[PDB]
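Asker: Just dropping this structure here.
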Amino acid sequence: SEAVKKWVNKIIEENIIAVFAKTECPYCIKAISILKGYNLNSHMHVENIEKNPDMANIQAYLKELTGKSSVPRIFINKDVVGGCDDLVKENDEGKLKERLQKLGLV
Ligand SMILES: [Cs+]
Ligand SMILES: [Cs+]
Ligand SMILES: [Cs+]
Ligand SMILES: [Pt+2]
């Protein structure tokens, strides 16, 4: 399905911070809260892919792009950050702030 891929691509390309998430997902909530703590709201988009008829196609494409089908799936300026554990590692080790600095976001 080209439509699904194009839809996912538009979300990633039109938002510097793009998070694919689902309902009642604690690690989604944690990752989003961490990102909002950098005052990134204006350049963030969160897409709930569970409330979507094509969830499985979206997840399969996210796995093709990132290696995992699970949510949260986090992209920053089209680069794959990964899941919430990946975000926590980057945040604790300073890489997240460097990412955001290079983008003029921090
Ligand atoms: Cs912060
Ligand atoms: Cs937003
Ligand atoms: Cs930090
Ligand atoms: Pt949005």
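Labels used: A, B, ... for chains in the order of the structure tokens, numbers from 1 for residues in each chain, and numbers from 1 for ligands as shown.
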Can I get the residues close to ligand 2 as a list in words, where close means within 10 Å and we count only C-alpha atoms and all ligand atoms?
Answerer: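 Counting only C-alpha atoms and all ligand atoms, the residues within 10 Å of ligand 2 come out as residues 15, 17, 18, 36, 40, 41, 42, 43, 44, 45 and 46 of chain A.
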Asker: 9 Å from ligand 1 is the threshold here; counting only C-alpha atoms and all ligand atoms, which polymer residues fall inside it? Answer as a short mmCIF file (atom, residue, chain, number, x, y, z; two decimals) with N, CA, C and O atoms, in the first residue's frame.
Answerer:
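Output (result_8.cif):
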data_model
loop_
_atom_site.label_atom_id
_atom_site.label_comp_id
_atom_site.auth_asym_id
_atom_site.auth_seq_id
_atom_site.Cartn_x
_atom_site.Cartn_y
_atom_site.Cartn_z
N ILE A 34 8.87 13.61 28.02
CA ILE A 34 10.28 14.01 27.95
C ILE A 34 10.48 15.03 26.85
O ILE A 34 11.13 16.07 27.04
N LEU A 35 9.93 14.76 25.66
CA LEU A 35 10.11 15.69 24.54
C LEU A 35 9.43 17.03 24.82
O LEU A 35 10.00 18.10 24.53
N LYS A 36 8.22 17.02 25.39
CA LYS A 36 7.56 18.27 25.72
C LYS A 36 8.33 19.05 26.77
O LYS A 36 8.26 20.28 26.81
N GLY A 37 9.10 18.35 27.62
CA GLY A 37 9.93 19.02 28.60
C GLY A 37 11.03 19.86 28.00
O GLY A 37 11.59 20.72 28.68
N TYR A 38 11.36 19.62 26.73
CA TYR A 38 12.25 20.48 25.98
C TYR A 38 11.50 21.59 25.24
O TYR A 38 12.09 22.24 24.38
N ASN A 39 10.22 21.80 25.58
CA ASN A 39 9.39 22.83 24.94
C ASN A 39 9.34 22.65 23.43
O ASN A 39 9.37 23.61 22.66
N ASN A 91 18.92 11.05 25.92
CA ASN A 91 18.71 12.16 26.84
C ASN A 91 19.74 12.14 27.95
O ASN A 91 20.36 13.16 28.27
N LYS A 97 19.99 16.52 23.53
CA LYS A 97 20.15 17.97 23.54
C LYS A 97 21.02 18.44 22.39
O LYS A 97 20.77 19.51 21.82
N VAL A 106 16.66 24.19 20.82
CA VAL A 106 17.03 24.42 22.21
C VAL A 106 18.04 25.55 22.30
O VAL A 106 19.01 25.57 21.54
#
Asker: Check chain A with DSSP on the backbone and list each residue it calls strand (DSSP E), as a PyMOL selection string.
Answerer: chain A and resi 17-21+44-48+73-76+79-82
Asker: Using N, CA and C atoms, can you export the residues from the last selection as a PDB file, in the first residue's frame?
Answerer:
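Once everything was written out, this is again_25.pdb:
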ATOM      1  N   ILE A  17       9.700  16.775  14.921  1.00  0.00           N
ATOM      2  CA  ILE A  17       9.560  15.708  15.910  1.00  0.00           C
ATOM      3  C   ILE A  17       8.287  14.943  15.595  1.00  0.00           C
ATOM      4  N   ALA A  18       8.429  13.666  15.267  1.00  0.00           N
ATOM      5  CA  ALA A  18       7.284  12.853  14.892  1.00  0.00           C
ATOM      6  C   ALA A  18       7.273  11.616  15.769  1.00  0.00           C
ATOM      7  N   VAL A  19       6.164  11.396  16.480  1.00  0.00           N
ATOM      8  CA  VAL A  19       6.021  10.269  17.401  1.00  0.00           C
ATOM      9  C   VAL A  19       4.787   9.479  16.997  1.00  0.00           C
ATOM     10  N   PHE A  20       4.975   8.202  16.715  1.00  0.00           N
ATOM     11  CA  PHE A  20       3.882   7.277  16.487  1.00  0.00           C
ATOM     12  C   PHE A  20       3.623   6.529  17.788  1.00  0.00           C
ATOM     13  N   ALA A  21       2.361   6.523  18.217  1.00  0.00           N
ATOM     14  CA  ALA A  21       2.000   6.088  19.559  1.00  0.00           C
ATOM     15  C   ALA A  21       0.689   5.324  19.497  1.00  0.00           C
ATOM     16  N   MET A  44       6.263  19.314  17.234  1.00  0.00           N
ATOM     17  CA  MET A  44       5.971  17.922  17.538  1.00  0.00           C
ATOM     18  C   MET A  44       4.620  17.536  16.970  1.00  0.00           C
ATOM     19  N   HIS A  45       4.529  16.315  16.459  1.00  0.00           N
ATOM     20  CA  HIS A  45       3.249  15.728  16.095  1.00  0.00           C
ATOM     21  C   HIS A  45       3.208  14.305  16.624  1.00  0.00           C
ATOM     22  N   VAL A  46       2.134  13.971  17.334  1.00  0.00           N
ATOM     23  CA  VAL A  46       1.914  12.631  17.870  1.00  0.00           C
ATOM     24  C   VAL A  46       0.746  12.019  17.115  1.00  0.00           C
ATOM     25  N   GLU A  47       0.957  10.837  16.549  1.00  0.00           N
ATOM     26  CA  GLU A  47      -0.080  10.148  15.787  1.00  0.00           C
ATOM     27  C   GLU A  47      -0.432   8.868  16.525  1.00  0.00           C
ATOM     28  N   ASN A  48      -1.708   8.710  16.882  1.00  0.00           N
ATOM     29  CA  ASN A  48      -2.185   7.482  17.518  1.00  0.00           C
ATOM     30  C   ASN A  48      -2.546   6.505  16.410  1.00  0.00           C
ATOM     31  N   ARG A  73       7.371   5.081  18.374  1.00  0.00           N
ATOM     32  CA  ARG A  73       8.410   5.170  17.357  1.00  0.00           C
ATOM     33  C   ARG A  73       8.666   6.648  17.121  1.00  0.00           C
ATOM     34  N   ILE A  74       9.912   7.061  17.309  1.00  0.00           N
ATOM     35  CA  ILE A  74      10.285   8.470  17.394  1.00  0.00           C
ATOM     36  C   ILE A  74      11.287   8.797  16.300  1.00  0.00           C
ATOM     37  N   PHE A  75      10.976   9.854  15.531  1.00  0.00           N
ATOM     38  CA  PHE A  75      11.821  10.421  14.491  1.00  0.00           C
ATOM     39  C   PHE A  75      12.091  11.878  14.830  1.00  0.00           C
ATOM     40  N   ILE A  76      13.322  12.320  14.584  1.00  0.00           N
ATOM     41  CA  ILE A  76      13.699  13.714  14.784  1.00  0.00           C
ATOM     42  C   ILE A  76      14.405  14.189  13.515  1.00  0.00           C
ATOM     43  N   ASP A  79      15.419  11.517  11.125  1.00  0.00           N
ATOM     44  CA  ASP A  79      16.349  10.526  11.651  1.00  0.00           C
ATOM     45  C   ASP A  79      15.637   9.654  12.674  1.00  0.00           C
ATOM     46  N   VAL A  80      15.959   8.364  12.671  1.00  0.00           N
ATOM     47  CA  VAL A  80      15.337   7.436  13.614  1.00  0.00           C
ATOM     48  C   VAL A  80      16.000   7.576  14.980  1.00  0.00           C
ATOM     49  N   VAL A  81      15.229   7.994  15.976  1.00  0.00           N
ATOM     50  CA  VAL A  81      15.651   7.873  17.365  1.00  0.00           C
ATOM     51  C   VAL A  81      15.318   6.491  17.898  1.00  0.00           C
ATOM     52  N   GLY A  82      14.096   6.039  17.652  1.00  0.00           N
ATOM     53  CA  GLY A  82      13.743   4.692  18.057  1.00  0.00           C
ATOM     54  C   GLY A  82      12.586   4.682  19.027  1.00  0.00           C
TER      55      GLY A  82
END
Asker: Please report as CSV every residue of chain A lying within 9 Å of ligand 3, along with the nearest atom pair and their distance in Å (one decimal), using only C-alpha atoms and all ligand atoms.
Answerer:
residue,atom,partner,partner_atom_place_in_ligand_line,distance
A:88,CA,ligand 3,1 (Cs),8.7
A:90,CA,ligand 3,1 (Cs),8.4
A:91,CA,ligand 3,1 (Cs),4.9
A:92,CA,ligand 3,1 (Cs),5.0
A:93,CA,ligand 3,1 (Cs),7.2
A:94,CA,ligand 3,1 (Cs),6.1
A:95,CA,ligand 3,1 (Cs),8.9
A:96,CA,ligand 3,1 (Cs),7.9
A:97,CA,ligand 3,1 (Cs),7.3
Asker: Print the selection's residues with N, CA and C atoms to a file, as a PDB file, in the first residue's frame.
Answerer:
ATOM      1  N   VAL A  88      15.569   7.759  26.123  1.00  0.00           N
ATOM      2  CA  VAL A  88      16.115   7.934  27.464  1.00  0.00           C
ATOM      3  C   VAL A  88      17.633   7.849  27.432  1.00  0.00           C
ATOM      4  N   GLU A  90      19.601   8.582  24.848  1.00  0.00           N
ATOM      5  CA  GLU A  90      20.115   9.800  24.220  1.00  0.00           C
ATOM      6  C   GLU A  90      20.005  10.987  25.164  1.00  0.00           C
ATOM      7  N   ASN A  91      18.917  11.049  25.925  1.00  0.00           N
ATOM      8  CA  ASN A  91      18.713  12.162  26.837  1.00  0.00           C
ATOM      9  C   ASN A  91      19.741  12.136  27.953  1.00  0.00           C
ATOM     10  N   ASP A  92      19.941  10.962  28.560  1.00  0.00           N
ATOM     11  CA  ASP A  92      20.879  10.848  29.666  1.00  0.00           C
ATOM     12  C   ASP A  92      22.308  11.083  29.212  1.00  0.00           C
ATOM     13  N   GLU A  93      22.636  10.718  27.974  1.00  0.00           N
ATOM     14  CA  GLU A  93      24.015  10.832  27.529  1.00  0.00           C
ATOM     15  C   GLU A  93      24.286  12.127  26.782  1.00  0.00           C
ATOM     16  N   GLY A  94      23.294  13.010  26.688  1.00  0.00           N
ATOM     17  CA  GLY A  94      23.471  14.316  26.094  1.00  0.00           C
ATOM     18  C   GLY A  94      23.222  14.383  24.604  1.00  0.00           C
ATOM     19  N   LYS A  95      23.005  13.244  23.942  1.00  0.00           N
ATOM     20  CA  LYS A  95      22.832  13.274  22.496  1.00  0.00           C
ATOM     21  C   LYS A  95      21.529  13.944  22.089  1.00  0.00           C
ATOM     22  N   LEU A  96      20.474  13.809  22.895  1.00  0.00           N
ATOM     23  CA  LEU A  96      19.208  14.437  22.527  1.00  0.00           C
ATOM     24  C   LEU A  96      19.355  15.952  22.498  1.00  0.00           C
ATOM     25  N   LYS A  97      19.989  16.519  23.528  1.00  0.00           N
ATOM     26  CA  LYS A  97      20.150  17.969  23.545  1.00  0.00           C
ATOM     27  C   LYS A  97      21.021  18.437  22.387  1.00  0.00           C
TER      28      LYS A  97
END
Asker: Write out as a PyMOL selection string the residues lying within 10 Å of residue 57 in chain A, counting only C-alpha atoms and excluding same-chain residues fewer than 6 positions away.
Answerer: chain A and resi 1+4-5+49+63+69
Asker: Quick one, how far is CA of residue 2 in chain A from CA of residue 54 in chain A?
Answerer: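 Computed distance, CA of residue 2 in chain A to CA of residue 54 in chain A, equals 12.2 Å.
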Asker: Enumerate the residues of chain A with a DSSP assignment of alpha helix (DSSP H), computed from the backbone, and present them as number ranges by chain.
Answerer: A: 2-14, 26-36, 55-66, 84-92, 95-102
Asker: Tell me which of A:60, A:16, A:3, A:65 sits closest to ligand 4, counting only C-alpha atoms and all ligand atoms.
Answerer: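 Going through A:60, A:16, A:3, A:65 one by one, the smallest distance to ligand 4 is for A:16.
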